[PDB]
**Student:** 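Mind having a look at this structure? Questions to follow.
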Amino acid sequence: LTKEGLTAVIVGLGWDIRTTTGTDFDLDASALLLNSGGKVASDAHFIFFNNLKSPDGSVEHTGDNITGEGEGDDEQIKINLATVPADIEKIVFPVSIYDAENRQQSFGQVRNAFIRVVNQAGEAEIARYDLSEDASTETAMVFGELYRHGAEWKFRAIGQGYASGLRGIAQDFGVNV
Ligand SMILES: [Ca+2]
Ligand SMILES: [Ca+2]
């Protein structure tokens with residue numbers, strides 16, 4: 001009498017604190033909630049360090065970690081798919097290094113950098129990306145997206161790099177930034 005949908009998910013980003021002297025590694029997890037035209041539903045549907053919750057309340061970022069201090073996921077974005085508004089069709093997950101050009105930083109310099117998505121109904125890992133190893137030369141990437149498939153939600157890994165940083169990503173998806 002049990003049937004069948006992803007309903008609550010957590011995206012987790014972690015990395016290790018820089019051991020050499022120099023500016024810290026400040027990685028950032030973001031989310032963009034898109035409409036059926038692939039555009040952010042409003043500028044406040046870009047969830048990041050300066051906007052930690054969606055207006056609808058379905059997507060919340062737990063807070064900005066600017067060094068990597070702490071084990072496991074250093075930043076998390078919690079998504080309650082049940083309460084995502086109907087107008088939202090996809091939620092895309094960028095990962096970036098803050099101020100990477102000025103700091104001359106890339107994922108390959110950072111130790112044990114990973115991003116993952118966990119199905120909270122049972123803590124099963126859905127997908128992981130090894131940023132240190134597989135996005136070595138990158139400073140910003142789209143990890144993946146949750147998307148509607150009929151009445152349910154699925155995840156799709158994307159793994160696409162962007163040379164123009166988090167701002168460039170935000171621009172492509174129609175954020176006024
Ligand atoms: Ca951060
Ligand atoms: Ca850490």
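Atoms within a ligand are numbered from 1 in the order they appear, just like the ligands themselves. The chain is numbered in sequence order, starting from 1. For the numbers below, each heavy atom of this structure counts, side chains included, while hydrogens, waters and symmetry mates do not.
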**Student:** Taking the side chain as every heavy atom from C-beta outward, state whether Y98 and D64 have any pair of such atoms under 4.5 Å apart.
**Tutor:**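 Not in contact.
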**Student:** Of the non-hydrogen atoms in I126 and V9, which two are nearest, and what is the gap between them?
**Tutor:** CD1-CG2, 4.3 Å
**Student:** Looking at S136, is its backbone amide N or carbonyl O close enough to the side chain of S106 to form a donor-acceptor pair, meaning the two atoms are under 3.5 Å apart?
**Tutor:** yes
**Student:** Got an N, O or S from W15 under 3.0 Å of the Ca ion (ligand 2)?
**Tutor:**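 So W15 counts as coordinating the Ca ion (ligand 2), yes.
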**Student:** Any N/O/S atom of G72 sitting less than 3.0 Å from the Ca ion (ligand 2), backbone or side chain?
**Tutor:**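 Coordinating: no.
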**Student:** Excluding waters, how many protein N/O/S atoms sit closer than 3.0 Å to the Ca ion (ligand 1)?
**Tutor:** 6
**Student:** Taking everything shown except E123 itself, do over 12 heavy atoms lie less than 6.0 Å from its CD?
**Tutor:**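 No, because the 6.0 Å sphere around CD of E123 holds 12 heavy atoms or fewer from other groups.
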**Student:** Salt bridge between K78 and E60, side-chain N to carboxylate O under 4.0 Å?
**Tutor:**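 Salt bridge flag = no for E60 with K78.
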**Student:** Just checking: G68, one of its N/O/S atoms, less than 3.0 Å away from the Ca ion (ligand 2), yes or no?
**Tutor:** yes
**Student:** So if you build clusters from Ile, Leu, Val, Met, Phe, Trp, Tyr with side-chain heavy-atom gaps below 4.5 Å, do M141 and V92 land together?
**Tutor:**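 No; tracing contacts between hydrophobic side chains, which count when under 4.5 Å, never links both residues.
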**Student:** Which label fits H149 and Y147: parallel for a plane angle under 30°, tilted from 30 to 60°, or perpendicular past 60°?
**Tutor:**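 Geometry flag for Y147 against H149: perpendicular rings.
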